[PDB]
Structure formats: structure tokens, C-alpha cells
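Single chain ahead, by itself, as C-alpha cells, in the form deposited in one PDB entry.
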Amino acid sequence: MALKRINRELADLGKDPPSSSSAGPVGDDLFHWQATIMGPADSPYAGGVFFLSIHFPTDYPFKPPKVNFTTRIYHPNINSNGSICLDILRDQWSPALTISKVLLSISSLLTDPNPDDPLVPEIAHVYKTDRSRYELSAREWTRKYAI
């Protein structure tokens, strides 16, 4: 169940990719994936390429995968190391969530930060008070690191 599901997900990704995000195993290890996300056009991250590391637990699909950003991103809700944990409560992950939905959700987060849950207090304060400075800094970091 934890390997047939992964093979089906990989085949589906190779069937009809979202045309922006990509994902594939590194070398030969189906439980460790590397993914690529393109910066949304209508956001300061436009043009960047962000790499993610996905570790599927052995309990997959019952337990969610560990998704961690690798490229540094100036975002109000992404810590320095990068950690995208999915939690409104322990009531949102179900075996019916593929890995494509998670990538789409990550793109949504990139294009619409949530300021009411500040994981990085300084960036959240800048976003709330002065939006232009936040945009400038975000695009500067995208230029410096993502490219």
C-alpha cells in the first residue's frame, strides 16, 4: 500500500503534470522525492525556482509526507530551515490526498501569505505595516537565492 500508491502517484505526475510543479525520486529511492516549484506569476517570487524535499513515511498514505523547502525564501510563514506542516487540527489529512494537491497548496501559500499566524515575527510585522518593503525584500531574496 505504501509502494503501489507511490508508484501510482509518480505515474500520474508523469501523466498530466501541473505544468509548473515537478517531482521525482532522487537516484533510486521511491521514498525520497525532490520537487521543483515555479514562482507564481502574480507574486514577488515570479521567475524563481524553489526546490523541496519530500520524505514519505512508511505509513503512507495514512500519515502525511514531510515536505521541507530547500531554497531560502522570504515568506511570513516559512522558517529559516523551511517546514511546511499541514495543521488546522489533526483533522485534515486523509488517504485521498495525492502529492499534487500538496504542491498546489504550497503554491497557494506562496501567492497568499497568512499574516495572522506569524512564524517569523519580523517579516510578519513588515508585511502588516509596510507592504512595499515586504515586496521589495521578497523579490530581492528571490533574485539572490532562487535564481
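Superpose the two forms; the largest set of C-alphas matching within 1.5 Å is the rigid core. Residues carry their position along the shown sequence, with the first being 1.
Here the subject shifts to the form deposited in another entry, a form of this protein not shown in this document.
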Residue showing a 2 Å-or-more C-alpha displacement between this form and the one not shown once the rigid core is overlaid, selected from 46, 86, 30, 109: 86
Distance trend in the other form - C-alpha atoms of residue 77 and residue 86, change of 3 Å or more: closer
Distance trend in the other form - C-alpha atoms of residue 85 and residue 77, change of 3 Å or more: closer
